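S.K.: Sharing entry04.txt here; it has compact mmCIF, N, CA and C atoms and all ligand atoms.
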# COMPACT_ATOMS: atom_id res chain seq x y z
N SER A 1 -98.41 -34.03 116.50
CA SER A 1 -99.56 -34.42 117.31
C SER A 1 -99.63 -33.60 118.58
N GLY A 2 -100.79 -33.67 119.28
CA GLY A 2 -100.97 -33.00 120.56
C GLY A 2 -102.39 -32.54 120.81
N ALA A 3 -102.78 -32.46 122.07
CA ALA A 3 -104.13 -32.01 122.42
C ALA A 3 -104.11 -31.13 123.70
N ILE A 4 -105.22 -30.43 123.96
CA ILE A 4 -105.45 -29.67 125.17
C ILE A 4 -106.51 -30.42 126.00
N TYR A 5 -106.32 -30.56 127.33
CA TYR A 5 -107.27 -31.26 128.18
C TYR A 5 -107.74 -30.30 129.26
N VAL A 6 -109.02 -29.89 129.20
CA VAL A 6 -109.66 -28.96 130.12
C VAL A 6 -111.01 -29.50 130.50
N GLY A 7 -111.22 -29.73 131.80
CA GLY A 7 -112.45 -30.32 132.30
C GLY A 7 -112.73 -31.67 131.67
N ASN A 8 -113.92 -31.87 131.14
CA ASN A 8 -114.26 -33.12 130.44
C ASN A 8 -114.18 -32.94 128.92
N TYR A 9 -113.20 -32.14 128.46
CA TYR A 9 -113.02 -31.94 127.04
C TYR A 9 -111.60 -32.21 126.59
N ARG A 10 -111.44 -32.64 125.31
CA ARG A 10 -110.16 -32.90 124.63
C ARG A 10 -110.21 -32.07 123.33
N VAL A 11 -109.29 -31.10 123.14
CA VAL A 11 -109.27 -30.26 121.91
C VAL A 11 -108.12 -30.75 121.04
N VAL A 12 -108.38 -31.14 119.78
CA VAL A 12 -107.37 -31.64 118.83
C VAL A 12 -107.53 -30.95 117.48
N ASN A 13 -106.48 -31.02 116.61
CA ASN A 13 -106.63 -30.58 115.21
C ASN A 13 -107.71 -31.49 114.59
N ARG A 14 -108.66 -30.90 113.88
CA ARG A 14 -109.76 -31.67 113.28
C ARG A 14 -109.22 -32.72 112.31
N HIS A 15 -108.14 -32.38 111.57
CA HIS A 15 -107.56 -33.34 110.60
C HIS A 15 -106.79 -34.50 111.24
N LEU A 16 -106.56 -34.45 112.57
CA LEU A 16 -105.90 -35.53 113.31
C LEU A 16 -106.86 -36.28 114.25
N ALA A 17 -108.17 -35.92 114.27
CA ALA A 17 -109.11 -36.57 115.16
C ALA A 17 -109.17 -38.05 114.95
N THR A 18 -109.28 -38.82 116.05
CA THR A 18 -109.40 -40.28 115.94
C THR A 18 -110.89 -40.75 115.77
N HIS A 19 -111.13 -42.07 115.52
CA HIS A 19 -112.50 -42.62 115.54
C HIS A 19 -113.17 -42.35 116.92
N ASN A 20 -112.43 -42.52 118.03
CA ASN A 20 -113.00 -42.26 119.36
C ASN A 20 -113.37 -40.76 119.57
N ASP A 21 -112.57 -39.81 119.03
CA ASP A 21 -112.91 -38.39 119.10
C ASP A 21 -114.27 -38.18 118.35
N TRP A 22 -114.44 -38.78 117.15
CA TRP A 22 -115.68 -38.61 116.38
C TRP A 22 -116.89 -39.33 117.08
N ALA A 23 -116.64 -40.44 117.76
CA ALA A 23 -117.69 -41.17 118.48
C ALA A 23 -118.18 -40.42 119.73
N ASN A 24 -117.36 -39.49 120.24
CA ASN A 24 -117.68 -38.68 121.43
C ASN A 24 -117.59 -37.20 121.07
N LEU A 25 -118.06 -36.84 119.89
CA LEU A 25 -117.99 -35.47 119.39
C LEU A 25 -118.82 -34.51 120.21
N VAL A 26 -118.24 -33.32 120.56
CA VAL A 26 -118.95 -32.23 121.23
C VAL A 26 -119.16 -31.08 120.22
N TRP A 27 -118.11 -30.74 119.46
CA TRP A 27 -118.17 -29.64 118.49
C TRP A 27 -117.01 -29.78 117.50
N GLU A 28 -117.21 -29.42 116.23
CA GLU A 28 -116.13 -29.46 115.23
C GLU A 28 -116.36 -28.33 114.22
N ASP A 29 -115.26 -27.71 113.73
CA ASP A 29 -115.36 -26.61 112.75
C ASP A 29 -114.23 -26.79 111.75
N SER A 30 -114.56 -27.25 110.52
CA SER A 30 -113.60 -27.47 109.45
C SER A 30 -112.85 -26.15 109.12
N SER A 31 -113.59 -25.01 109.09
CA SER A 31 -112.96 -23.73 108.78
C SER A 31 -111.90 -23.34 109.82
N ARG A 32 -111.98 -23.91 111.06
CA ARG A 32 -110.99 -23.61 112.11
C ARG A 32 -109.94 -24.72 112.29
N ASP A 33 -110.12 -25.88 111.65
CA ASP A 33 -109.25 -27.04 111.87
C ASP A 33 -109.30 -27.49 113.32
N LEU A 34 -110.49 -27.35 114.00
CA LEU A 34 -110.65 -27.78 115.40
C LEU A 34 -111.73 -28.86 115.60
N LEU A 35 -111.50 -29.76 116.56
CA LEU A 35 -112.50 -30.71 116.98
C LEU A 35 -112.34 -30.88 118.49
N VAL A 36 -113.46 -30.92 119.19
CA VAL A 36 -113.49 -31.13 120.65
C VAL A 36 -114.35 -32.38 120.90
N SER A 37 -113.82 -33.31 121.67
CA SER A 37 -114.54 -34.54 122.05
C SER A 37 -114.62 -34.58 123.59
N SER A 38 -115.47 -35.47 124.14
CA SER A 38 -115.61 -35.60 125.60
C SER A 38 -114.67 -36.65 126.18
N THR A 39 -114.31 -36.48 127.46
CA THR A 39 -113.41 -37.37 128.19
C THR A 39 -114.06 -37.78 129.52
N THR A 40 -113.70 -38.96 130.01
CA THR A 40 -114.18 -39.44 131.30
C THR A 40 -113.26 -38.91 132.41
N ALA A 41 -111.95 -38.80 132.14
CA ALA A 41 -111.00 -38.24 133.11
C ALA A 41 -111.06 -36.72 133.07
N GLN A 42 -110.79 -36.09 134.21
CA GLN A 42 -110.79 -34.64 134.35
C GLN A 42 -109.45 -34.06 133.92
N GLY A 43 -109.46 -33.14 132.95
CA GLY A 43 -108.25 -32.46 132.51
C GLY A 43 -108.00 -31.18 133.30
N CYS A 44 -106.73 -30.75 133.42
CA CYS A 44 -106.47 -29.55 134.22
C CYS A 44 -105.55 -28.56 133.55
N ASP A 45 -105.65 -28.44 132.21
CA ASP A 45 -104.95 -27.37 131.50
C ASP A 45 -105.77 -26.07 131.74
N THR A 46 -105.10 -24.93 131.70
CA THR A 46 -105.77 -23.64 131.93
C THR A 46 -105.85 -22.90 130.59
N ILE A 47 -107.06 -22.49 130.15
CA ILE A 47 -107.15 -21.75 128.89
C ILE A 47 -106.97 -20.27 129.19
N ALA A 48 -106.24 -19.56 128.34
CA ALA A 48 -106.07 -18.11 128.47
C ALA A 48 -107.34 -17.38 128.05
N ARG A 49 -107.69 -16.30 128.74
CA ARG A 49 -108.83 -15.44 128.37
C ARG A 49 -108.22 -14.05 128.36
N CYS A 50 -107.70 -13.65 127.20
CA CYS A 50 -106.88 -12.43 127.04
C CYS A 50 -106.76 -12.06 125.56
N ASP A 51 -106.03 -10.93 125.27
CA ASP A 51 -105.70 -10.58 123.90
C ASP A 51 -104.17 -10.52 123.72
N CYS A 52 -103.39 -11.33 124.46
CA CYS A 52 -101.91 -11.38 124.27
C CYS A 52 -101.53 -11.59 122.81
N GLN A 53 -100.38 -11.02 122.43
CA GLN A 53 -99.80 -11.27 121.11
C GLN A 53 -98.36 -11.79 121.22
N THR A 54 -97.93 -12.27 122.43
CA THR A 54 -96.61 -12.88 122.64
C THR A 54 -96.84 -14.17 123.49
N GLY A 55 -96.05 -15.18 123.20
CA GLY A 55 -96.18 -16.46 123.91
C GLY A 55 -95.04 -17.40 123.58
N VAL A 56 -95.18 -18.66 124.01
CA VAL A 56 -94.19 -19.71 123.75
C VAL A 56 -94.88 -20.95 123.16
N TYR A 57 -94.33 -21.53 122.06
CA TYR A 57 -94.94 -22.76 121.49
C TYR A 57 -93.96 -23.91 121.50
N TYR A 58 -94.50 -25.13 121.52
CA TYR A 58 -93.67 -26.32 121.46
C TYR A 58 -93.57 -26.76 120.01
N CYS A 59 -92.32 -27.00 119.54
CA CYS A 59 -92.04 -27.43 118.17
C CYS A 59 -91.43 -28.86 118.21
N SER A 60 -92.25 -29.90 117.91
CA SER A 60 -91.73 -31.27 118.01
C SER A 60 -90.59 -31.58 117.03
N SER A 61 -90.63 -30.95 115.82
CA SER A 61 -89.58 -31.21 114.81
C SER A 61 -88.23 -30.59 115.20
N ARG A 62 -88.15 -29.87 116.34
CA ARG A 62 -86.89 -29.38 116.88
C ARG A 62 -86.70 -29.80 118.35
N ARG A 63 -87.68 -30.52 118.97
CA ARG A 63 -87.72 -30.82 120.43
C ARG A 63 -87.42 -29.54 121.25
N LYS A 64 -88.02 -28.40 120.84
CA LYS A 64 -87.72 -27.13 121.51
C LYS A 64 -88.95 -26.26 121.64
N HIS A 65 -88.94 -25.35 122.64
CA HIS A 65 -89.97 -24.33 122.78
C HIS A 65 -89.37 -23.02 122.22
N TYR A 66 -90.18 -22.23 121.56
CA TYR A 66 -89.69 -20.96 121.00
C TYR A 66 -90.61 -19.83 121.41
N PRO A 67 -90.04 -18.68 121.85
CA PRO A 67 -90.88 -17.49 122.15
C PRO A 67 -91.24 -16.80 120.81
N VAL A 68 -92.50 -16.40 120.63
CA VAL A 68 -92.92 -15.77 119.37
C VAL A 68 -93.88 -14.62 119.57
N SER A 69 -93.85 -13.67 118.61
CA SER A 69 -94.88 -12.64 118.50
C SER A 69 -95.88 -13.19 117.47
N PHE A 70 -97.21 -13.03 117.69
CA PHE A 70 -98.17 -13.58 116.73
C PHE A 70 -99.31 -12.59 116.46
N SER A 71 -99.88 -12.67 115.26
CA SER A 71 -101.00 -11.80 114.90
C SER A 71 -102.32 -12.24 115.63
N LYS A 72 -103.29 -11.30 115.80
CA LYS A 72 -104.56 -11.65 116.41
C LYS A 72 -105.32 -12.63 115.47
N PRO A 73 -106.25 -13.41 116.00
CA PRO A 73 -106.97 -14.40 115.16
C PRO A 73 -107.71 -13.77 114.00
N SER A 74 -107.48 -14.33 112.83
CA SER A 74 -108.06 -13.76 111.61
C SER A 74 -108.29 -14.85 110.50
N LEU A 75 -108.87 -14.43 109.37
CA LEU A 75 -109.23 -15.27 108.23
C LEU A 75 -108.09 -15.24 107.25
N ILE A 76 -107.35 -16.38 107.14
CA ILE A 76 -106.14 -16.44 106.34
C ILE A 76 -106.21 -17.56 105.32
N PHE A 77 -105.73 -17.29 104.11
CA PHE A 77 -105.74 -18.27 103.03
C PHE A 77 -104.66 -19.31 103.29
N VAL A 78 -105.08 -20.58 103.25
CA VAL A 78 -104.23 -21.73 103.51
C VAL A 78 -104.20 -22.62 102.29
N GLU A 79 -103.00 -22.90 101.77
CA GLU A 79 -102.85 -23.78 100.60
C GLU A 79 -103.41 -25.16 100.85
N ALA A 80 -103.84 -25.82 99.77
CA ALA A 80 -104.31 -27.20 99.84
C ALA A 80 -103.23 -28.14 100.43
N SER A 81 -103.70 -29.19 101.12
CA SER A 81 -102.89 -30.29 101.69
C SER A 81 -103.69 -31.60 101.37
N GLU A 82 -103.28 -32.78 101.90
CA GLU A 82 -104.09 -33.99 101.68
C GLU A 82 -105.38 -34.01 102.53
N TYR A 83 -105.51 -33.07 103.52
CA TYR A 83 -106.69 -33.03 104.41
C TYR A 83 -107.79 -32.03 104.00
N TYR A 84 -107.43 -30.99 103.25
CA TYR A 84 -108.36 -29.95 102.85
C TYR A 84 -107.94 -29.43 101.47
N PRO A 85 -108.92 -28.97 100.67
CA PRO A 85 -108.54 -28.19 99.49
C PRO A 85 -108.03 -26.80 99.96
N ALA A 86 -107.53 -25.98 99.03
CA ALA A 86 -107.10 -24.61 99.35
C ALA A 86 -108.36 -23.84 99.84
N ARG A 87 -108.27 -23.14 100.99
CA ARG A 87 -109.44 -22.47 101.56
C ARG A 87 -109.01 -21.38 102.55
N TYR A 88 -109.95 -20.58 103.04
CA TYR A 88 -109.63 -19.61 104.09
C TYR A 88 -109.91 -20.30 105.42
N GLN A 89 -108.90 -20.28 106.31
CA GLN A 89 -109.02 -20.81 107.66
C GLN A 89 -109.29 -19.65 108.62
N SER A 90 -110.32 -19.76 109.45
CA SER A 90 -110.69 -18.71 110.37
C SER A 90 -110.04 -18.89 111.78
N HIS A 91 -110.03 -17.79 112.55
CA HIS A 91 -109.51 -17.78 113.92
C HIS A 91 -108.02 -18.26 113.96
N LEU A 92 -107.25 -17.94 112.93
CA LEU A 92 -105.85 -18.37 112.81
C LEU A 92 -104.88 -17.23 113.17
N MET A 93 -103.80 -17.57 113.92
CA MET A 93 -102.78 -16.57 114.30
C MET A 93 -101.46 -16.97 113.65
N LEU A 94 -100.69 -16.04 113.03
CA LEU A 94 -99.41 -16.43 112.41
C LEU A 94 -98.24 -15.79 113.17
N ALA A 95 -97.11 -16.48 113.15
CA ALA A 95 -95.84 -16.00 113.70
C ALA A 95 -94.71 -16.47 112.75
N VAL A 96 -93.56 -15.82 112.82
CA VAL A 96 -92.36 -16.22 112.14
C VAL A 96 -91.72 -17.35 112.98
N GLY A 97 -91.62 -18.53 112.40
CA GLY A 97 -91.01 -19.65 113.11
C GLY A 97 -91.12 -20.94 112.36
N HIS A 98 -90.44 -21.97 112.88
CA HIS A 98 -90.43 -23.24 112.22
C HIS A 98 -91.63 -24.12 112.53
N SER A 99 -92.23 -24.72 111.49
CA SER A 99 -93.38 -25.59 111.66
C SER A 99 -93.38 -26.62 110.54
N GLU A 100 -93.60 -27.91 110.87
CA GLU A 100 -93.75 -28.98 109.89
C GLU A 100 -95.10 -29.67 110.15
N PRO A 101 -95.71 -30.40 109.18
CA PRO A 101 -97.05 -30.97 109.42
C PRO A 101 -97.22 -31.75 110.72
N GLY A 102 -96.19 -32.52 111.10
CA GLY A 102 -96.22 -33.28 112.35
C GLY A 102 -96.14 -32.48 113.63
N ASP A 103 -95.83 -31.17 113.50
CA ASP A 103 -95.84 -30.26 114.65
C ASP A 103 -97.28 -29.86 115.04
N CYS A 104 -98.30 -30.10 114.17
CA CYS A 104 -99.72 -29.78 114.53
C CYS A 104 -100.08 -30.39 115.88
N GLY A 105 -100.73 -29.61 116.74
CA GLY A 105 -101.09 -30.04 118.09
C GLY A 105 -100.21 -29.48 119.19
N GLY A 106 -99.02 -28.97 118.82
CA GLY A 106 -98.14 -28.30 119.77
C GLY A 106 -98.83 -27.08 120.36
N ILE A 107 -98.76 -26.93 121.68
CA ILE A 107 -99.42 -25.80 122.34
C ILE A 107 -98.66 -24.51 122.29
N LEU A 108 -99.43 -23.41 122.15
CA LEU A 108 -98.93 -22.05 122.29
C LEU A 108 -99.51 -21.54 123.64
N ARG A 109 -98.65 -21.00 124.52
CA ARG A 109 -99.06 -20.53 125.85
C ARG A 109 -98.56 -19.12 126.09
N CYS A 110 -99.35 -18.31 126.76
CA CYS A 110 -98.91 -16.99 127.23
C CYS A 110 -98.92 -17.03 128.78
N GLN A 111 -98.62 -15.90 129.46
CA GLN A 111 -98.67 -15.87 130.94
C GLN A 111 -100.06 -16.25 131.53
N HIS A 112 -101.15 -16.20 130.72
CA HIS A 112 -102.51 -16.52 131.20
C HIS A 112 -102.98 -17.96 130.94
N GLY A 113 -102.20 -18.72 130.18
CA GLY A 113 -102.56 -20.10 129.87
C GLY A 113 -102.45 -20.48 128.41
N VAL A 114 -103.19 -21.52 128.02
CA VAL A 114 -103.19 -22.04 126.66
C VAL A 114 -103.92 -21.09 125.72
N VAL A 115 -103.25 -20.73 124.62
CA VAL A 115 -103.79 -19.79 123.64
C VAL A 115 -104.36 -20.54 122.43
N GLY A 116 -103.64 -21.58 122.00
CA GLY A 116 -104.09 -22.37 120.85
C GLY A 116 -103.15 -23.51 120.54
N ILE A 117 -103.32 -24.13 119.38
CA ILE A 117 -102.46 -25.26 118.98
C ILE A 117 -101.94 -25.05 117.58
N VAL A 118 -100.70 -25.54 117.27
CA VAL A 118 -100.16 -25.45 115.90
C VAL A 118 -101.14 -26.07 114.87
N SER A 119 -101.36 -25.39 113.75
CA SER A 119 -102.30 -25.89 112.74
C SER A 119 -101.82 -25.67 111.29
N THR A 120 -100.95 -24.68 111.02
CA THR A 120 -100.44 -24.47 109.64
C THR A 120 -98.93 -24.10 109.71
N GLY A 121 -98.27 -23.97 108.56
CA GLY A 121 -96.86 -23.58 108.57
C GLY A 121 -96.32 -23.40 107.19
N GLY A 122 -95.04 -23.70 107.02
CA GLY A 122 -94.34 -23.55 105.75
C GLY A 122 -93.88 -22.13 105.45
N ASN A 123 -92.93 -21.97 104.50
CA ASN A 123 -92.42 -20.64 104.11
C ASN A 123 -91.83 -19.86 105.35
N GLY A 124 -91.37 -20.56 106.40
CA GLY A 124 -90.84 -19.89 107.58
C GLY A 124 -91.89 -19.31 108.52
N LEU A 125 -93.16 -19.71 108.37
CA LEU A 125 -94.22 -19.22 109.24
C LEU A 125 -94.78 -20.43 110.06
N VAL A 126 -95.44 -20.11 111.17
CA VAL A 126 -96.16 -21.07 111.99
C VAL A 126 -97.53 -20.47 112.31
N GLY A 127 -98.60 -21.26 112.09
CA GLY A 127 -99.96 -20.79 112.29
C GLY A 127 -100.63 -21.56 113.40
N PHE A 128 -101.31 -20.83 114.30
CA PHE A 128 -101.97 -21.46 115.47
C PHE A 128 -103.50 -21.25 115.43
N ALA A 129 -104.27 -22.34 115.70
CA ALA A 129 -105.71 -22.20 115.78
C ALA A 129 -106.02 -21.67 117.19
N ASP A 130 -106.68 -20.49 117.29
CA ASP A 130 -107.01 -19.92 118.60
C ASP A 130 -108.11 -20.74 119.29
N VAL A 131 -108.06 -20.85 120.64
CA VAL A 131 -109.13 -21.46 121.44
C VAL A 131 -109.67 -20.45 122.54
N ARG A 132 -109.04 -19.28 122.70
CA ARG A 132 -109.41 -18.33 123.75
C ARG A 132 -110.86 -17.86 123.68
N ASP A 133 -111.49 -17.91 122.50
CA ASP A 133 -112.87 -17.47 122.36
C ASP A 133 -113.88 -18.53 122.77
N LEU A 134 -113.44 -19.80 122.95
CA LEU A 134 -114.33 -20.92 123.29
C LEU A 134 -114.59 -20.94 124.79
N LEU A 135 -115.42 -20.00 125.28
CA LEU A 135 -115.63 -19.83 126.73
C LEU A 135 -116.30 -21.00 127.39
N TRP A 136 -117.09 -21.79 126.60
CA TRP A 136 -117.77 -22.98 127.10
C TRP A 136 -116.80 -24.10 127.50
N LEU A 137 -115.50 -24.04 127.08
CA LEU A 137 -114.55 -25.10 127.45
C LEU A 137 -114.35 -25.19 128.96
N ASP A 138 -114.62 -24.08 129.69
CA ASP A 138 -114.51 -23.88 131.13
C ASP A 138 -115.74 -24.09 131.94
N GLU A 139 -116.86 -24.51 131.33
CA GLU A 139 -118.11 -24.73 132.04
C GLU A 139 -118.76 -26.07 131.66
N1 LIG B 201 -104.77 -26.43 108.93
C1 LIG B 201 -104.48 -26.99 107.77
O1 LIG B 201 -105.10 -26.73 106.73
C2 LIG B 201 -103.27 -27.92 107.75
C3 LIG B 201 -103.66 -29.35 107.32
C4 LIG B 201 -102.44 -30.27 107.35
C5 LIG B 201 -101.15 -29.71 106.77
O2 LIG B 201 -100.22 -30.45 106.46
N2 LIG B 201 -101.10 -28.37 106.59
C6 LIG B 201 -99.86 -27.77 106.08
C7 LIG B 201 -98.81 -27.53 107.15
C8 LIG B 201 -99.15 -27.72 108.49
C9 LIG B 201 -98.21 -27.52 109.49
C10 LIG B 201 -96.93 -27.14 109.17
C11 LIG B 201 -96.57 -26.97 107.85
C12 LIG B 201 -97.50 -27.15 106.83
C13 LIG B 201 -97.03 -26.92 105.43
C14 LIG B 201 -95.87 -27.53 104.97
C15 LIG B 201 -95.34 -27.18 103.74
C16 LIG B 201 -95.98 -26.20 103.01
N3 LIG B 201 -97.10 -25.59 103.42
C17 LIG B 201 -97.60 -25.96 104.60
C18 LIG B 201 -102.18 -27.39 106.81
ZN ZN B 202 -102.43 -13.95 127.70
Just give me the structure of the file as structure tokens.
M.R.:
Amino acid sequence: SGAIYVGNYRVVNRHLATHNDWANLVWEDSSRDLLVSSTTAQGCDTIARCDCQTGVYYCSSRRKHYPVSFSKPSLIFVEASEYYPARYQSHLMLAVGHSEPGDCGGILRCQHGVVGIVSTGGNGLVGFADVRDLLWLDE
């Protein structure tokens, strides 16, 4: 689990969104595994606006942060799970590292801020849904 809080927005994995996230929906993209809902409290996370390919992510299944190199956001084939059939997920970044389904929502950060959240894994890889292109999150 996990979310990003910036201004009056809450960014979560679309497959983990609650009834309240859907009742206050701002934007959702199944191909990205992202959903953004509105909040009454002001969030103060900082989103990165950069093209970094190195950062640190939180891994709940190890209670640890790990430094990783990751690929730029791209269209990657993701095996079926109970939430989606097998499909291509867009704006996804991969790194070599540990990830389990319950790790989804863990933040990846670079020196400029939040880069994205854990969204895929298995086979010794960890996949992050990018948020750096969502410039409206800051306005
Ligand atoms: N964005 C998505 O389509 C996700 C929906 C929910 C979901 O469980 N996954 C698979 C997954 C996520 C995180 C860590 C590991 C795995 C996983 C484990 C075992 C073998 N393959 C994948 C994909
Ligand atoms: Zn950066």
S.K.: Atom N of residue 91 (chain A) to atom C of residue 39 (chain A): how many Å, to one decimal?
M.R.: 26.5 Å
S.K.: When distances are computed from only N, CA and C atoms and all ligand atoms, which of A:52, A:78, A:93, A:4 shows the smallest separation from ligand LIG 201 (chain B)?
M.R.: A:78
S.K.: What are the nearest atom pairs, with distances in Å to one decimal, for all residues of chain A that come at most 5 Å from ligand ZN 202 (chain B), using all atoms listed in the file, set out by chain and rising residue number as a Markdown table?
M.R.:
| residue | atom | partner | partner_atom | distance |
| --- | --- | --- | --- | --- |
| A:50 | CA | B:ZN202 | ZN | 4.7 |
| A:52 | N | B:ZN202 | ZN | 4.3 |
| A:110 | CA | B:ZN202 | ZN | 4.7 |
| A:111 | N | B:ZN202 | ZN | 4.6 |
| A:112 | N | B:ZN202 | ZN | 4.0 |
S.K.: What residues have any atom no more than 12 Å from ligand LIG 201 (chain B) when counting only C-alpha atoms and all ligand atoms, and can you list them as a ChimeraX atom specification?
M.R.: /A:1,12-17,29-35,59-61,76-94,97-106,117-130
S.K.: Check the DSSP output for the backbone and give back, as JSON, numbers by chain, the residues of chain A in strand (DSSP E or B).
M.R.: {"A": [4, 5, 6, 7, 8, 9, 10, 11, 12, 13, 25, 26, 27, 28, 29, 34, 35, 36, 37, 38, 39, 40, 41, 42, 43, 44, 47, 54, 55, 56, 57, 58, 59, 64, 65, 66, 67, 68, 69, 74, 75, 76, 77, 78, 87, 88, 89, 90, 91, 92, 93, 94, 95, 96, 107, 108, 109, 110, 113, 114, 115, 116, 117, 118, 119, 120, 121, 122, 125, 126, 127, 128, 129, 130]}
S.K.: Taking only C-alpha atoms into account, which of A:68, A:56, A:48, A:107 comes nearest residue 3 (chain A)?
M.R.: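 Once distances to residue 3 (chain A) are computed over only C-alpha atoms, the minimum belongs to A:107.
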S.K.: Interatomic distance between atom N of residue 55 (chain A) and atom N of residue 139 (chain A)?
M.R.: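 Distance between the two atoms: 24.2 Å.
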S.K.: Write out as a list in words all residues of chain A that DSSP puts in alpha helix (DSSP H) for this structure's backbone.
M.R.: residues 19, 20, 21, 22 and 23 of chain A
S.K.: Would you save the residues from that selection as a PDB file, in the frame of the given file, using N, CA and C atoms?
M.R.:
ATOM      1  N   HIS A  19    -111.130 -42.070 115.520  1.00  0.00           N
ATOM      2  CA  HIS A  19    -112.500 -42.620 115.540  1.00  0.00           C
ATOM      3  C   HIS A  19    -113.170 -42.350 116.920  1.00  0.00           C
ATOM      4  N   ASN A  20    -112.430 -42.520 118.030  1.00  0.00           N
ATOM      5  CA  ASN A  20    -113.000 -42.260 119.360  1.00  0.00           C
ATOM      6  C   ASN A  20    -113.370 -40.760 119.570  1.00  0.00           C
ATOM      7  N   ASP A  21    -112.570 -39.810 119.030  1.00  0.00           N
ATOM      8  CA  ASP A  21    -112.910 -38.390 119.100  1.00  0.00           C
ATOM      9  C   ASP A  21    -114.270 -38.180 118.350  1.00  0.00           C
ATOM     10  N   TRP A  22    -114.440 -38.780 117.150  1.00  0.00           N
ATOM     11  CA  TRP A  22    -115.680 -38.610 116.380  1.00  0.00           C
ATOM     12  C   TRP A  22    -116.890 -39.330 117.080  1.00  0.00           C
ATOM     13  N   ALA A  23    -116.640 -40.440 117.760  1.00  0.00           N
ATOM     14  CA  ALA A  23    -117.690 -41.170 118.480  1.00  0.00           C
ATOM     15  C   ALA A  23    -118.180 -40.420 119.730  1.00  0.00           C
TER      16      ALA A  23
END
